[PDB]
């Protein structure tokens, strides 16, 4: 049975031999460096009395995915103040109050809150909704905008019914129950697929949508089986609804294993840890760890999903090690302990490109200490 049914979370740091005190301190020190660390390490920045943002340091903006990432880290760590500062910023500056994107969030803005593009990212919305459901269960609803449950339900309403409310489109294709790359375009991004979160949406969302979310969870597990390479285990950044890599886009070639697709291995690992529903998840985890066992973090590259390496180095190599180590939740092969130990001796990234590395790093630190949990009731 999964951790959702048993209430028991795998502490793989402790299984690998590390002491419970070493682990709780490492995790408290990983939070302290990210939220209150120095200029070269921190990614969280407080604003006024009641707002804060997660800075994408590489791109010098604030992204709906980062905000929603920060809000999940905060509710997992029982840090309501940082959560509420992040949620106020997202609510205040990013959420649309009218138009084709009503109740969606602008995917990026300037740190002062100036929208740079109204284009939303389903990535962000599904994470805002899961963190807000968790905040409600851990802390309980206050006045708007901190009526966490109603905020979560209103986002997931828009995600399924935007088309009916006017000239907009939903973030799930109703025919196949699959999340889209953006509302307007007929393909997907495998790293956006979170069957584990849809399971909990099927419990906590508006009653009329709960049957849909259950089918979406079932549908996303099937999808990831068609999207992930059967030999190497690598997925493309953008894929078609049939799981083949999506055509080259005007903004770039997303058919290869890069930044976006790293989150897949971690997404698969946590669904297995929570729900134990698809045994394929174990072999998928075994495959990606098997693929990367012989490769140094500093030698990580772009790869075709066929394992063909490019000359180009990975932009976020600590992010990729983090997601490979997270796959140890599902993997039971000969490389699982190596990745847990490797991860433990990897510090936080510093510098200009540290944002994505350090987010993925932290979710792995949570999950490998047994601290990425479902908060119920």
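Numbering follows the first chain given and starts at 1.
Participant: Output the stretch having the higher mean C-alpha B factor in the entry; the candidates are 126-134 and 143-151.
Facilitator: Mean C-alpha B-factor is greater for 143-151.
Participant: Output the stretch having the higher mean C-alpha B factor in the entry; the candidates are 70-78 and 180-188.
Facilitator: Between 180-188 and 70-78, it is 180-188 that shows the higher mean C-alpha B-factor.
Participant: Among 245, 113, 230, 195, which carries the highest Cα B-factor?
Facilitator: Highest CA B-factor of the listed options: 113.
Participant: Hey, out of 338, 346, 328, 323, whose CA B-factor is highest in the deposited coordinates?
Facilitator: Most elevated C-alpha B-factor of the set, per the entry: 338.
Participant: Sorting by Cα B-factor within the chain, modelled residues only, which third would residue 14 end up in: lowest, middle or highest?
Facilitator: According to the entry, residue 14 has a C-alpha B-factor in the chain's highest third.
Participant: Once the chain's modelled residues are ordered by C-alpha B factor and cut into thirds, is residue 305 in the lowest, middle or highest one?
Facilitator: It belongs to the highest third of the chain when residues are ordered by C-alpha B-factor.
Participant: Going by the CA temperature factor in the PDB record, which third of the chain does residue 206 belong to: lowest, middle or highest?
Facilitator: CA B-factor rank for residue 206: middle third.
Participant: Pull the Cα B-factor of residue 352 out of the PDB entry and bin it into the chain's lowest, middle or highest third.
Facilitator: Within its chain, residue 352 is a highest-third residue by C-alpha B-factor, going by the deposited values.
Participant: Compare the C-alpha B factor of residue 214 with those of the other modelled residues in its chain, then answer lowest, middle or highest third.
Facilitator: Its C-alpha B-factor belongs to the middle third of this chain's values.
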